[PDB]
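Below is one structure; the comments refer to it alone.
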Amino acid sequence: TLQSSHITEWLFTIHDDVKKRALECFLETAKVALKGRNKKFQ
Amino acid sequence: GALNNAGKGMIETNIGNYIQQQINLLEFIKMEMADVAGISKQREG
């Protein structure tokens, strides 16, 4: 079944790229909320 | 006396042998394409 996982592996590699970039995008949004008087980050 | 006999006729066309012949050719062409690419059906799964 490993070679049948290769047929769909191309769909997962672009998915892990979006998850990589959306988490970098979430991290930069979170860096900006820090300077906004939110005591949750404490 | 065939008016009280002979049994009932059938409008039967044998399209199922033609449908099976086309299905068997599709498995042949899908197999030849697999061999020329070096990517088996065992190699596809």
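Every number here is computed from the coordinates shown, using simple stated rules; none is lab data. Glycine also receives a Cβ, built like all others from the backbone with ideal geometry; neighbour counts cover every protein chain displayed.
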- Message: It is to be established whether one or more residues within region A:7-19 are of a type outside the set (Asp, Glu), surrounded by 10 or more Cβ atoms within 10 Å (Cβ to Cβ) and within 14 Å of another protein chain (Cβ to nearest Cβ).
- Response: yes
- Return a yes/no flag: does region B:19-37 have any residue that is within 14 Å of another protein chain (Cβ to nearest Cβ), among the aliphatic types (A, V, I, L, M), surrounded by 10 or more Cβ atoms within 10 Å (Cβ to Cβ) and not in a helix (DSSP H, G or I). no
